[PDB]
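Each remark here refers to the structure printed beneath this line.
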Amino acid sequence: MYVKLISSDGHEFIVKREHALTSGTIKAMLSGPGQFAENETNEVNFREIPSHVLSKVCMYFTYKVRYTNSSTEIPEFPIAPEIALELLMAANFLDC
Amino acid sequence: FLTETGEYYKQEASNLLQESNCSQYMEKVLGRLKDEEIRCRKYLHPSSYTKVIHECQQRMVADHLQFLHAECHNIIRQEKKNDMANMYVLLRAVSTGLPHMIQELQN
Amino acid sequence: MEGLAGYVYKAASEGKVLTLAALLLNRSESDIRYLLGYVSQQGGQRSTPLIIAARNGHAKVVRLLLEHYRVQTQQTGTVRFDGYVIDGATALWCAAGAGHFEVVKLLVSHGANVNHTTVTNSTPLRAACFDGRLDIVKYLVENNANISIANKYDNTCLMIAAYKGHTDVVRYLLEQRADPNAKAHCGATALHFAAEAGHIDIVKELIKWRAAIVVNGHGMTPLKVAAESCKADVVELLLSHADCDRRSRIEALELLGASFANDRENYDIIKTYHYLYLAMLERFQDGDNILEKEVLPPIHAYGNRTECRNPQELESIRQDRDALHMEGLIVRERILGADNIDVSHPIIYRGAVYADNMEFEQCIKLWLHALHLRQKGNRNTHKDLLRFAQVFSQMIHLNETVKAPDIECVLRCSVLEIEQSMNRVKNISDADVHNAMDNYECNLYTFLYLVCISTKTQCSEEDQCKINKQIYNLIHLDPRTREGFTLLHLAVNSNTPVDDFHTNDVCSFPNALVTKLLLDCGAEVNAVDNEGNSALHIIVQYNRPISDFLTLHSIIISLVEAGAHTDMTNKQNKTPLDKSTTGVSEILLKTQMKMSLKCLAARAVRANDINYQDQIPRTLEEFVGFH
Amino acid sequence: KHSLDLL
Amino acid sequence: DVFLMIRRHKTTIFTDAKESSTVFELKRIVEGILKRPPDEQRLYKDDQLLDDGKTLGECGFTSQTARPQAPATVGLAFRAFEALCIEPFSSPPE
């Protein structure tokens, strides 16, 4: 299943749902009266997360679902100094 | 609820013995024990499925254990196959149940 | 000269007359016989060049091979596939099976055996009418073909022709004085086959031929088979035969209405009600000679409704589909005796439809009745248990409390079916040993899913006691998968497959609760497969030791504290620490490894190969074999 | 859907 | 084992294909998740066209380059053909 993530730039960020449920609030956003049980779009809009940070959090979703159990080498996540501050705030907001 | 179930089934057991012998009483109790199992399943929490039945069995069998044991002799010595099946499943529930019936059947 | 024979075979198969003539040019009689007559293997088929030419219907190749080379038309080979491994069939049989009139004519003119018999006594006329060509059948019959020749199951050419919807061949066979009262292996005649095939014209031709209606070996009339086939027009033509008396026709009408009451493609309320109304009127009209049906006592699985004796009872339930389905099921199992092959399948379909819209309990009881009927019929129910565990998996996924006595009865059905598959694979030979083993593995996996969903539910003390008693019974049965996997090995293996339905949402392996329940029921913790791995070597290779570390640690401690030997050595001299491939499992097991002098001494004895036979206690000999 | 895979 | 970032004008899809897989099945995945016919979906790779015949093993999507921490990106354009319409997200300096 695929869910959409909308930034403040309008960038849709379609991500497989099982990877996108690692963050707590995206699980919470799709819960309650935001389920929309028709399986047509299944989108959540972030009014205060820029696109250059949703890209990083989606890359982290894929990275974490890939390396959740492979405790072999666990390669480091590449975080630029420019992206470092807003990425922390986004992970805090999403409980990522 | 268990105090209400205990009181209500004590009243039911007292009512049944006034107008029934030892053969029809077991059939009615097994009907009530089956019905109480059904109506304590679609009403109560699954953790209390056995406490209501246990309280139901004590009031309708264990309290009237003397009545069931007194007619065990006539039930067994006449080879009543239908009544022995009802008494066995009844007396198996209570603690001081089956032994005397065993001591009857062997005899 | 196998290469030249293969080239000739390829030329005959492809129909290249020029290539065949070039390869057969300047060949002696011995070379001609070797090139024309050799059996070649291709595509799982053993065939001669003439046989493979006749199968593809190459008239030119056949006439070239038979006019000059005078090849004998008695070649043997394996023809066709998909349940047909018939051997010894000549070119005429291949040409008749593929419906090639010219090849059959050429072979007959050249002198082929019209009455040739294959391994399963298959006349070429039987294959000719199997394909559906009248000209071939007529030519063979005019060339002295015996229709009465049948196979070991006694299926004549009329029956194999009546299986399909070809009126002309069966009509010509009837015109050639075919015996209509011939009996198949299970007491069946061509009338039953025509009735189940749903061809009104074949049935009317047979009854004009005075088919001499007789029941089958199982005990049903062909009219009953027609009723079971949901074929209204086939049933509504035998009333003119004036031989069904009154009971047979009314019971056939009731059976046809019952078949109308539940079918995957022939389900309709209005027609079923109309047919049941007609049957009720025909039964209640005369009054003096009224036919009273014997009503069975009310089955709990058959709801709480005991038939519909009153006409107004049937009239009032005209607006309810469920009562119509129930009465149709009851009359169907009453007429068929609840011991026929096609009794349970409509029950299963009705249950599936009833379950497709969140309705559960009546589905469960109909499926229970179908399971009981199939068990009394000695029929495997692996698919039934699989779909039923799927239904409970969907129930648990939708936070619905599954009723526990249903789980008890279904688990007892599962262990009964597993025992049946056990003694089946004990008695079944190599013919279908693979299929029997596959059904056995399916039964094992379904039981595992049922155990998982049982552990995902909450029940009473006595209910859990009964469930664990049944699991104890199956454990003492000691099942064994084809790889030697015991009941415990599969519960801890992540390689145990789970079907694509909702069972993936609940029944995920390895499961801590399933393994704990198996160990509480006295599972053989030190059981060894044919590979050699114990119940502990299998788990420690788990590839997800961190995300679900709880269900790894729980199974490890449950195994170790019960009876597991942590140092047990498999057939490849591998300690469970050696077969770990994971630091988490390795050190988690090391936290449970109580070192013993007995194990160190056993390792020292095994390593240097001391002859320990009869010099130690017998329990130590298998202990040394452990290490 | 249980009806589809009944076969 | 090879992770891709499908890039439309603004849409982006994070897919996970195998080491050596055909372009046809990922094209079908994109069709299924956007509900569009395949005749207007052509996959790019650094301003290089692709067709529905090649595979990721030789296209340059090495598993040592398309690591999920920084997946290799591809482009799509949709025709009612269009060229690359990749828009950078943003970059606010510290």
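Every chain in the structure tokens has a letter given in the order shown (A, B, ...), and although residue numbers restart at 1 in each chain, ligands are simply numbered from 1 in the order shown.
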Residue 24 (chain B) environment, 12 Å, only C-alpha atoms, sequence neighbours closer than 6 positions dropped, as a PyMOL selection string: chain B and resi 16-18+30-31+68+82-83+86-87
Pull out every residue of chain A sitting within 10 Å of chain E, counting only C-alpha atoms, and send them as a VMD selection string. chain A and resid 1 to 7 9 to 16 19 40 to 41 50 to 56 58 to 67 75 to 79 81 to 86
Skipping near chain neighbours, those fewer than 3 positions away, what residues fall within 10 Å of residue 12 (chain C) using only C-alpha atoms, listed as a list in words? residues 6, 7, 8, 9, 15, 16, 17, 19, 20, 36, 48, 49, 50, 51, 52, 53, 54, 56, 58, 60, 61, 62 and 65 of chain C
Dump of N, CA and C atoms for the selected residues, as a CSV table (one decimal), in the first residue's frame:
```csv
chain,number,residue,atom,x,y,z
C,6,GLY,N,16.6,-39.7,-35.4
C,6,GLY,CA,16.1,-38.5,-34.9
C,6,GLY,C,15.7,-37.5,-36.0
C,7,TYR,N,16.6,-37.4,-37.0
C,7,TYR,CA,16.3,-36.5,-38.1
C,7,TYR,C,15.0,-36.9,-38.9
C,8,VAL,N,14.9,-38.2,-39.1
C,8,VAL,CA,13.7,-38.7,-39.7
C,8,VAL,C,12.4,-38.5,-38.9
C,9,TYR,N,12.6,-38.7,-37.6
C,9,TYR,CA,11.5,-38.4,-36.6
C,9,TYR,C,11.1,-36.9,-36.7
C,15,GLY,N,6.3,-32.6,-40.8
C,15,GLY,CA,5.6,-32.8,-42.1
C,15,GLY,C,6.4,-32.5,-43.3
C,16,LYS,N,7.7,-32.3,-43.2
C,16,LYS,CA,8.6,-32.0,-44.4
C,16,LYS,C,8.7,-33.2,-45.2
C,17,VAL,N,8.0,-33.4,-46.3
C,17,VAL,CA,8.1,-34.5,-47.1
C,17,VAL,C,9.4,-34.5,-47.9
C,19,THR,N,12.4,-33.3,-46.8
C,19,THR,CA,13.4,-33.7,-45.8
C,19,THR,C,13.3,-35.2,-45.5
C,20,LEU,N,12.1,-35.7,-45.4
C,20,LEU,CA,11.9,-37.1,-45.1
C,20,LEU,C,12.4,-37.9,-46.3
C,36,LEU,N,12.3,-46.0,-39.7
C,36,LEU,CA,10.9,-45.9,-39.6
C,36,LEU,C,10.4,-47.1,-38.7
C,48,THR,N,7.1,-43.0,-32.5
C,48,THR,CA,7.7,-43.3,-33.7
C,48,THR,C,7.4,-42.2,-34.7
C,49,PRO,N,8.3,-42.1,-35.8
C,49,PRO,CA,8.0,-41.1,-36.9
C,49,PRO,C,6.6,-41.2,-37.5
C,50,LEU,N,6.1,-42.5,-37.7
C,50,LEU,CA,4.8,-42.6,-38.2
C,50,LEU,C,3.7,-42.2,-37.2
C,51,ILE,N,3.9,-42.5,-35.9
C,51,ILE,CA,3.0,-42.2,-34.9
C,51,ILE,C,3.0,-40.7,-34.7
C,52,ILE,N,4.1,-40.0,-34.7
C,52,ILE,CA,4.2,-38.6,-34.6
C,52,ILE,C,3.7,-37.9,-35.8
C,53,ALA,N,3.7,-38.5,-37.0
C,53,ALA,CA,3.1,-37.9,-38.2
C,53,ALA,C,1.6,-38.1,-38.2
C,54,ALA,N,1.1,-39.2,-37.6
C,54,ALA,CA,-0.4,-39.3,-37.5
C,54,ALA,C,-1.0,-38.4,-36.5
C,56,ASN,N,0.0,-35.4,-35.6
C,56,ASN,CA,-0.1,-34.1,-36.2
C,56,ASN,C,-0.9,-34.1,-37.4
C,58,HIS,N,-0.5,-35.5,-40.6
C,58,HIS,CA,0.2,-35.3,-41.9
C,58,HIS,C,-0.2,-36.4,-42.8
C,60,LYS,N,0.3,-36.5,-46.1
C,60,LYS,CA,1.3,-36.7,-47.0
C,60,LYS,C,2.4,-37.6,-46.5
C,61,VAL,N,2.8,-37.3,-45.2
C,61,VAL,CA,3.9,-38.1,-44.6
C,61,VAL,C,3.4,-39.6,-44.4
C,62,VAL,N,2.2,-39.8,-44.0
C,62,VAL,CA,1.7,-41.1,-43.7
C,62,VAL,C,1.6,-41.9,-45.1
C,65,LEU,N,5.1,-42.8,-46.2
C,65,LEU,CA,5.7,-43.8,-45.4
C,65,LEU,C,5.0,-45.2,-45.6
```
Run DSSP on the backbone and tell me which residues of chain E come out as strand (DSSP E or B); list them as a list in words. residues 2, 3, 4, 5, 6, 7, 12, 13, 14, 15, 16, 17, 22, 42, 43, 44, 49, 55, 72, 73, 74, 75, 76 and 77 of chain E
Using N, CA and C atoms, can you write the selected residues to a file as a tab-separated table (two decimals), in the first residue's frame?
```
chain	number	residue	atom	x	y	z
E	2	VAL	N	17.66	-2.66	-4.95
E	2	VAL	CA	18.00	-1.39	-5.59
E	2	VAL	C	16.81	-0.45	-5.41
E	3	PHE	N	17.06	0.72	-4.84
E	3	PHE	CA	16.01	1.63	-4.43
E	3	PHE	C	15.99	2.84	-5.35
E	4	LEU	N	14.79	3.23	-5.78
E	4	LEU	CA	14.61	4.26	-6.79
E	4	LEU	C	13.70	5.36	-6.27
E	5	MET	N	13.95	6.58	-6.75
E	5	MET	CA	13.14	7.76	-6.45
E	5	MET	C	12.52	8.24	-7.76
E	6	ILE	N	11.31	7.76	-8.04
E	6	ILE	CA	10.55	8.23	-9.19
E	6	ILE	C	10.24	9.71	-9.01
E	7	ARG	N	10.51	10.50	-10.05
E	7	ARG	CA	10.39	11.95	-9.97
E	7	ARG	C	9.54	12.47	-11.12
E	12	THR	N	6.90	12.17	-6.21
E	12	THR	CA	8.08	11.36	-5.97
E	12	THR	C	7.66	10.06	-5.31
E	13	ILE	N	8.11	8.93	-5.86
E	13	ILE	CA	7.74	7.61	-5.37
E	13	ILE	C	9.01	6.87	-4.97
E	14	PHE	N	9.02	6.32	-3.76
E	14	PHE	CA	10.18	5.60	-3.25
E	14	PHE	C	9.94	4.10	-3.45
E	15	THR	N	10.53	3.54	-4.50
E	15	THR	CA	10.34	2.14	-4.85
E	15	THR	C	11.56	1.32	-4.49
E	16	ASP	N	11.34	0.01	-4.35
E	16	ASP	CA	12.39	-0.95	-4.01
E	16	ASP	C	12.28	-2.12	-4.98
E	17	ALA	N	13.15	-2.15	-5.99
E	17	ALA	CA	13.20	-3.24	-6.95
E	17	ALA	C	14.36	-4.17	-6.61
E	22	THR	N	13.44	-6.10	-14.68
E	22	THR	CA	13.07	-5.44	-15.91
E	22	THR	C	12.39	-4.10	-15.63
E	42	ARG	N	7.81	7.37	-19.75
E	42	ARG	CA	9.14	6.97	-20.19
E	42	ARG	C	10.14	7.32	-19.09
E	43	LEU	N	10.90	6.32	-18.66
E	43	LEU	CA	11.82	6.49	-17.54
E	43	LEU	C	13.16	7.03	-18.02
E	44	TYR	N	13.69	7.99	-17.28
E	44	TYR	CA	14.96	8.63	-17.60
E	44	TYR	C	16.03	8.20	-16.60
E	49	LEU	N	17.35	8.58	-22.13
E	49	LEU	CA	16.09	7.89	-22.33
E	49	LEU	C	16.24	6.39	-22.07
E	55	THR	N	17.28	-3.67	-18.23
E	55	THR	CA	17.18	-4.10	-16.85
E	55	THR	C	18.07	-3.22	-15.99
E	72	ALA	N	19.16	6.12	-5.88
E	72	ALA	CA	19.34	6.69	-7.21
E	72	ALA	C	18.00	7.15	-7.77
E	73	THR	N	18.01	8.32	-8.39
E	73	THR	CA	16.79	8.96	-8.85
E	73	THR	C	16.59	8.75	-10.35
E	74	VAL	N	15.33	8.62	-10.75
E	74	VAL	CA	14.95	8.57	-12.15
E	74	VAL	C	13.88	9.63	-12.38
E	75	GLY	N	13.65	9.96	-13.64
E	75	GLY	CA	12.69	10.98	-13.99
E	75	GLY	C	11.58	10.41	-14.85
E	76	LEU	N	10.41	11.03	-14.74
E	76	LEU	CA	9.29	10.74	-15.63
E	76	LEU	C	8.68	12.04	-16.14
E	77	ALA	N	8.18	11.98	-17.36
E	77	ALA	CA	7.38	13.03	-17.95
E	77	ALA	C	6.14	12.40	-18.55
```
For chain D versus chain C, which residues have an atom no more than 9 Å away, and what is each residue's nearest atom pair and distance in Å rounded to one decimal, using only C-alpha atoms, chain-then-number order, as a tab-separated table?
```
residue	atom	partner	partner_atom	distance
D:1	CA	C:356	CA	6.4
D:2	CA	C:352	CA	5.6
D:3	CA	C:352	CA	5.7
D:6	CA	C:349	CA	7.3
```
Export N, CA and C atoms of the chosen residues as a PDB file, in the first residue's frame?
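Output saved as out32.pdb:
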```pdb
ATOM      1  N   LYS D   1     -11.564 -12.345  -0.799  1.00  0.00           N
ATOM      2  CA  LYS D   1     -12.957 -12.772  -0.816  1.00  0.00           C
ATOM      3  C   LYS D   1     -13.031 -14.292  -0.933  1.00  0.00           C
ATOM      4  N   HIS D   2     -13.769 -14.923  -0.016  1.00  0.00           N
ATOM      5  CA  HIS D   2     -13.787 -16.380   0.063  1.00  0.00           C
ATOM      6  C   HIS D   2     -14.478 -17.034  -1.128  1.00  0.00           C
ATOM      7  N   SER D   3     -15.395 -16.333  -1.794  1.00  0.00           N
ATOM      8  CA  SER D   3     -16.074 -16.913  -2.947  1.00  0.00           C
ATOM      9  C   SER D   3     -15.142 -17.039  -4.148  1.00  0.00           C
ATOM     10  N   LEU D   6     -12.620 -20.053  -3.895  1.00  0.00           N
ATOM     11  CA  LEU D   6     -13.218 -21.356  -3.621  1.00  0.00           C
ATOM     12  C   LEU D   6     -12.889 -22.353  -4.726  1.00  0.00           C
TER      13      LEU D   6
END
```
With only C-alpha atoms as the counted atoms, please give the residues lying no more than 9 Å from residue 543 (chain C), apart from itself and same-chain residues fewer than 5 positions off, as a PyMOL selection string. (chain A and resi 69-70) or (chain C and resi 494+581-582)
Selection from above, N, CA and C atoms, as a PDB file, in the first residue's frame, can you write it?
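Dumped to selection_14.pdb:
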```pdb
ATOM      1  N   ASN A  69      16.930  -4.968  11.175  1.00  0.00           N
ATOM      2  CA  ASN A  69      17.441  -6.179  11.795  1.00  0.00           C
ATOM      3  C   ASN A  69      18.867  -6.521  11.403  1.00  0.00           C
ATOM      4  N   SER A  70      19.364  -6.004  10.280  1.00  0.00           N
ATOM      5  CA  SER A  70      20.720  -6.297   9.820  1.00  0.00           C
ATOM      6  C   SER A  70      21.705  -5.494  10.663  1.00  0.00           C
TER       7      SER A  70
ATOM      8  N   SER C 494      11.197 -19.980  10.703  1.00  0.00           N
ATOM      9  CA  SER C 494      10.675 -18.874   9.914  1.00  0.00           C
ATOM     10  C   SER C 494      10.454 -19.250   8.456  1.00  0.00           C
ATOM     11  N   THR C 581      24.642 -17.770  12.842  1.00  0.00           N
ATOM     12  CA  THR C 581      24.680 -16.694  11.844  1.00  0.00           C
ATOM     13  C   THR C 581      24.093 -15.396  12.391  1.00  0.00           C
ATOM     14  N   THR C 582      24.197 -15.204  13.705  1.00  0.00           N
ATOM     15  CA  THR C 582      23.597 -14.056  14.371  1.00  0.00           C
ATOM     16  C   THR C 582      24.214 -13.930  15.753  1.00  0.00           C
TER      17      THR C 582
END
```
Determine which residues of region 23-72 of chain E DSSP labels as helix (DSSP H, G or I) from the backbone of this structure, then write them out as number ranges by chain. E: 23-34, 38-40, 56-59
Selected residues written out, N, CA, C and O atoms, as a compact mmCIF listing (two decimals), in the first residue's frame:
```txt
# COMPACT_ATOMS: atom_id res chain seq x y z
N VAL E 23 12.49 -3.20 -16.61
CA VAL E 23 11.81 -1.91 -16.52
C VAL E 23 10.30 -2.08 -16.62
O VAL E 23 9.55 -1.20 -16.17
N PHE E 24 9.83 -3.19 -17.19
CA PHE E 24 8.40 -3.38 -17.39
C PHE E 24 7.65 -3.45 -16.06
O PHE E 24 6.58 -2.84 -15.93
N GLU E 25 8.18 -4.17 -15.07
CA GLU E 25 7.41 -4.34 -13.84
C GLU E 25 7.41 -3.07 -13.00
O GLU E 25 6.40 -2.76 -12.36
N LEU E 26 8.51 -2.31 -12.99
CA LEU E 26 8.48 -1.04 -12.28
C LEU E 26 7.61 -0.02 -13.01
O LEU E 26 6.94 0.80 -12.36
N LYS E 27 7.58 -0.07 -14.34
CA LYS E 27 6.64 0.75 -15.10
C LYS E 27 5.20 0.40 -14.73
O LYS E 27 4.36 1.29 -14.57
N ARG E 28 4.91 -0.90 -14.60
CA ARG E 28 3.58 -1.33 -14.19
C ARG E 28 3.26 -0.88 -12.77
O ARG E 28 2.11 -0.55 -12.46
N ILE E 29 4.26 -0.89 -11.88
CA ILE E 29 4.07 -0.39 -10.52
C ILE E 29 3.68 1.08 -10.55
O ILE E 29 2.74 1.51 -9.88
N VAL E 30 4.41 1.88 -11.34
CA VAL E 30 4.12 3.30 -11.45
C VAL E 30 2.72 3.51 -12.03
O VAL E 30 1.98 4.39 -11.59
N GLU E 31 2.35 2.70 -13.02
CA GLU E 31 1.00 2.78 -13.58
C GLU E 31 -0.05 2.46 -12.53
O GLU E 31 -1.09 3.13 -12.45
N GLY E 32 0.20 1.44 -11.71
CA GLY E 32 -0.77 1.07 -10.69
C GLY E 32 -0.94 2.12 -9.61
O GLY E 32 -2.04 2.33 -9.10
N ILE E 33 0.15 2.80 -9.25
CA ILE E 33 0.07 3.78 -8.17
C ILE E 33 -0.31 5.18 -8.64
O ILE E 33 -0.60 6.05 -7.80
N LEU E 34 -0.32 5.44 -9.95
CA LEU E 34 -0.77 6.72 -10.49
C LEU E 34 -1.96 6.59 -11.44
O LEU E 34 -2.51 7.62 -11.84
N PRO E 38 0.57 3.22 -19.90
CA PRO E 38 2.04 3.23 -20.01
C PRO E 38 2.59 4.04 -21.16
O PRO E 38 3.78 4.38 -21.14
N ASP E 39 1.78 4.38 -22.17
CA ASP E 39 2.32 5.00 -23.38
C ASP E 39 2.82 6.42 -23.16
O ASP E 39 3.48 6.96 -24.05
N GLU E 40 2.53 7.05 -22.02
CA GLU E 40 3.05 8.38 -21.73
C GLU E 40 4.06 8.37 -20.58
O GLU E 40 4.42 9.44 -20.07
N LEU E 56 17.82 -3.26 -14.68
CA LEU E 56 18.55 -2.40 -13.76
C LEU E 56 19.98 -2.87 -13.52
O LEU E 56 20.81 -2.08 -13.05
N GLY E 57 20.29 -4.13 -13.83
CA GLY E 57 21.63 -4.64 -13.58
C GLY E 57 22.69 -3.96 -14.43
O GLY E 57 23.79 -3.67 -13.95
N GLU E 58 22.37 -3.69 -15.69
CA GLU E 58 23.31 -3.06 -16.61
C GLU E 58 23.02 -1.58 -16.86
O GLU E 58 23.81 -0.91 -17.53
N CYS E 59 21.90 -1.06 -16.34
CA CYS E 59 21.56 0.34 -16.56
C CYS E 59 22.43 1.28 -15.74
O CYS E 59 22.51 2.47 -16.06
```
Show me, as a tab-separated table, the residues of chain C having an atom within 7 Å of chain A, each with the closest atom pair and its distance in Å, using only C-alpha atoms.
```
residue	atom	partner	partner_atom	distance
C:544	CA	A:69	CA	5.4
C:545	CA	A:69	CA	6.5
C:546	CA	A:69	CA	5.4
C:547	CA	A:69	CA	6.0
```
Applying 10 Å and only C-alpha atoms, which residues near region 91-101 of chain B remain after dropping the ones on its own chain fewer than 3 positions away? List them as a list in words. residues 53, 54, 57, 58, 61, 62, 63, 65, 68, 69, 70, 72, 73, 75, 76, 84, 86, 87, 88, 104, 105, 106 and 107 of chain B
Produce a file of the selected residues containing N, CA and C atoms, as an mmCIF file, in the first residue's frame.
```
data_model
loop_
_atom_site.group_PDB
_atom_site.id
_atom_site.type_symbol
_atom_site.label_atom_id
_atom_site.label_comp_id
_atom_site.auth_asym_id
_atom_site.auth_seq_id
_atom_site.Cartn_x
_atom_site.Cartn_y
_atom_site.Cartn_z
ATOM 1 N N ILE B 53 -20.746 -20.320 36.081
ATOM 2 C CA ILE B 53 -21.095 -21.735 36.002
ATOM 3 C C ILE B 53 -20.735 -22.449 37.298
ATOM 4 N N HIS B 54 -19.567 -22.136 37.866
ATOM 5 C CA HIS B 54 -19.183 -22.735 39.139
ATOM 6 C C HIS B 54 -20.158 -22.351 40.243
ATOM 7 N N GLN B 57 -23.318 -24.256 39.566
ATOM 8 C CA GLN B 57 -23.235 -25.667 39.925
ATOM 9 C C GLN B 57 -23.334 -25.865 41.431
ATOM 10 N N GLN B 58 -22.725 -24.972 42.214
ATOM 11 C CA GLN B 58 -22.766 -25.118 43.665
ATOM 12 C C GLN B 58 -24.185 -24.998 44.200
ATOM 13 N N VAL B 61 -26.382 -28.109 42.493
ATOM 14 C CA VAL B 61 -25.920 -29.484 42.643
ATOM 15 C C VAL B 61 -25.301 -29.688 44.018
ATOM 16 N N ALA B 62 -24.303 -28.870 44.358
ATOM 17 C CA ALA B 62 -23.549 -29.091 45.590
ATOM 18 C C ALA B 62 -24.426 -28.924 46.823
ATOM 19 N N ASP B 63 -25.310 -27.928 46.821
ATOM 20 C CA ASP B 63 -26.213 -27.752 47.953
ATOM 21 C C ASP B 63 -27.193 -28.912 48.063
ATOM 22 N N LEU B 65 -26.646 -31.965 47.062
ATOM 23 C CA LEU B 65 -25.884 -33.186 46.844
ATOM 24 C C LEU B 65 -26.492 -34.368 47.581
ATOM 25 N N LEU B 68 -29.233 -35.818 45.380
ATOM 26 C CA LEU B 68 -28.703 -36.558 44.240
ATOM 27 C C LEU B 68 -28.063 -37.868 44.680
ATOM 28 N N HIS B 69 -27.363 -37.860 45.816
ATOM 29 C CA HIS B 69 -26.713 -39.076 46.291
ATOM 30 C C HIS B 69 -27.717 -40.079 46.843
ATOM 31 N N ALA B 70 -28.824 -39.600 47.414
ATOM 32 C CA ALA B 70 -29.805 -40.506 47.999
ATOM 33 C C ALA B 70 -30.449 -41.388 46.940
ATOM 34 N N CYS B 72 -29.068 -42.039 44.022
ATOM 35 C CA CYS B 72 -28.061 -42.695 43.195
ATOM 36 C C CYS B 72 -28.212 -44.207 43.242
ATOM 37 N N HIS B 73 -28.613 -44.740 44.397
ATOM 38 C CA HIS B 73 -28.826 -46.177 44.529
ATOM 39 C C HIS B 73 -29.911 -46.661 43.576
ATOM 40 N N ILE B 75 -31.022 -45.113 40.919
ATOM 41 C CA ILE B 75 -30.633 -44.850 39.537
ATOM 42 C C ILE B 75 -29.706 -45.944 39.027
ATOM 43 N N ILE B 76 -28.745 -46.363 39.849
ATOM 44 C CA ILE B 76 -27.741 -47.315 39.386
ATOM 45 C C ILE B 76 -28.284 -48.738 39.391
ATOM 46 N N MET B 84 -28.015 -42.148 34.480
ATOM 47 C CA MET B 84 -26.624 -42.202 34.914
ATOM 48 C C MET B 84 -25.764 -41.221 34.132
ATOM 49 N N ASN B 86 -26.780 -38.347 33.000
ATOM 50 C CA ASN B 86 -27.066 -37.018 33.528
ATOM 51 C C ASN B 86 -26.448 -36.825 34.905
ATOM 52 N N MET B 87 -26.485 -37.858 35.748
ATOM 53 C CA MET B 87 -25.925 -37.719 37.088
ATOM 54 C C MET B 87 -24.406 -37.652 37.053
ATOM 55 N N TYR B 88 -23.778 -38.390 36.134
ATOM 56 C CA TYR B 88 -22.322 -38.390 36.063
ATOM 57 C C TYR B 88 -21.786 -37.020 35.671
ATOM 58 N N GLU B 104 -21.256 -46.659 44.723
ATOM 59 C CA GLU B 104 -22.498 -47.340 44.394
ATOM 60 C C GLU B 104 -22.287 -48.331 43.258
ATOM 61 N N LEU B 105 -21.711 -47.868 42.143
ATOM 62 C CA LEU B 105 -21.667 -48.689 40.936
ATOM 63 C C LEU B 105 -20.896 -49.975 41.179
ATOM 64 N N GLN B 106 -19.705 -49.856 41.774
ATOM 65 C CA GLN B 106 -18.926 -51.028 42.150
ATOM 66 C C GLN B 106 -19.771 -51.995 42.962
ATOM 67 N N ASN B 107 -20.462 -51.476 43.985
ATOM 68 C CA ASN B 107 -21.331 -52.315 44.803
ATOM 69 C C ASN B 107 -22.338 -53.045 43.932
#
```
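For the pair CA of residue 558 (chain C) and CA of residue 440 (chain C), the interatomic distance is 27.2 Å.
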Distance CA of residue 541 (chain C)-CA of residue 62 (chain E), one decimal place? 28.5 Å
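Atom to atom, CA of residue 479 (chain C) and CA of residue 540 (chain C) stand 22.4 Å apart.
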Residue 56 (chain B) environment, 8 Å, only C-alpha atoms, sequence neighbours closer than 2 positions dropped, as a short mmCIF file (atom, residue, chain, number, x, y, z; two decimals) with N, CA and C atoms, in the first residue's frame:
```
data_model
loop_
_atom_site.label_atom_id
_atom_site.label_comp_id
_atom_site.auth_asym_id
_atom_site.auth_seq_id
_atom_site.Cartn_x
_atom_site.Cartn_y
_atom_site.Cartn_z
N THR B 5 -26.70 -14.32 41.07
CA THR B 5 -26.80 -15.63 40.42
C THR B 5 -26.91 -16.74 41.45
N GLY B 6 -26.13 -16.66 42.53
CA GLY B 6 -26.21 -17.67 43.57
C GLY B 6 -27.58 -17.71 44.22
N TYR B 9 -30.30 -18.94 41.57
CA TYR B 9 -30.23 -20.37 41.32
C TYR B 9 -30.50 -21.20 42.57
N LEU B 33 -27.98 -25.44 33.33
CA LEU B 33 -26.53 -25.32 33.23
C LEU B 33 -26.08 -25.06 31.80
N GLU B 36 -27.41 -21.38 31.18
CA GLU B 36 -26.59 -20.40 31.89
C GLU B 36 -25.23 -20.25 31.23
N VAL B 52 -19.44 -18.00 36.97
CA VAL B 52 -20.90 -18.06 37.00
C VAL B 52 -21.37 -19.51 36.94
N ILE B 53 -20.75 -20.32 36.08
CA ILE B 53 -21.09 -21.73 36.00
C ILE B 53 -20.73 -22.45 37.30
N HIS B 54 -19.57 -22.14 37.87
CA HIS B 54 -19.18 -22.74 39.14
C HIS B 54 -20.16 -22.35 40.24
N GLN B 58 -22.73 -24.97 42.21
CA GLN B 58 -22.77 -25.12 43.67
C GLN B 58 -24.19 -25.00 44.20
N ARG B 59 -24.96 -24.04 43.68
CA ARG B 59 -26.29 -23.80 44.21
C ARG B 59 -27.29 -24.86 43.77
N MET B 60 -27.12 -25.44 42.59
CA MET B 60 -28.09 -26.39 42.05
C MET B 60 -27.64 -27.84 42.16
#
```
